[PDB]
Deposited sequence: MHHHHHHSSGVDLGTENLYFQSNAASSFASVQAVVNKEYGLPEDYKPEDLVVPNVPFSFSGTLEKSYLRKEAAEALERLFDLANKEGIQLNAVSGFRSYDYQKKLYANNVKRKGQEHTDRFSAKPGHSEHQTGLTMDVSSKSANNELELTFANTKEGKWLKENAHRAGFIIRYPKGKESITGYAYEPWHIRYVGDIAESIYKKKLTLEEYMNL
């Protein structure tokens, strides 16, 4: 009971405990037509079609209120996550392969120029970070790892990390719940 159930669902919970199939790669990956903090088309330029279109919509919403967001890193394959994890562990003198939500193709790191497009806490103090915190849900996204929820999500606050879950994001935001709690996983 270490394997994520309904692994391909928009509401799947992938975390320290629940892992995805090592051979799971979404079959509907596309590049969302949004600005990116990096050039070219790499594996991280993709999101599942539905999450891609939602992200485009979130960015249009942001632009209407003068908020300019940049996409930093989306989909990451099992293969990639393995190397990243191994090379990150030996740097002692990051999620385990399969246990990163990025492999679902529903997750995206976002930042802004006001934060040097970096994925750091300071992004929370920017007008863009704050807008994202309170507006992510309007497009189907949630801040996957909120402030004092590390006990439940297993990760410290990540203001830059959004997860597409669809219509339930509205309720998750209002009720101040984590995806774990909302899905009883």
**Report entry** Stretches with no C-alpha position, numbering per deposited sequence from 1
**Finding:** 1-21, 115-121
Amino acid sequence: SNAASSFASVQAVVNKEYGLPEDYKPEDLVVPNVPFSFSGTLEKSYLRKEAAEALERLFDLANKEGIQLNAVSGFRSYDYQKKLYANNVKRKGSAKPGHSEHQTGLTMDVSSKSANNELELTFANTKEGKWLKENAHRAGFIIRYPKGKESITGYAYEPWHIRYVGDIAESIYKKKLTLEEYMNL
From here on, numbers count along this sequence of modelled residues.
Report task. Pick between 129-137 and 144-152: the one whose mean CA B-factor in the entry is higher. Result -> 144-152
Query raised in the report: Once you work out the mean C-alpha B-factor for both 18-26 and 165-173 from the entry, which is higher?
Result: 165-173
Query raised in the report: Say you rank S37, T122, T41, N33 by Cα B-factor from the PDB entry; which sits at the top?
Result: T122
Requested in this report: Kindly indicate the residue among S111, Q103, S94, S73 with the greatest C-alpha B-factor in the PDB record.
Outcome: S94
Report task. Ordered by C-alpha B-factor within the chain, which third holds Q68? Give me lowest, middle or highest, please. Result -> middle
Report summary line: Assert third(CA B-factor, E118) within chain per record equals highest
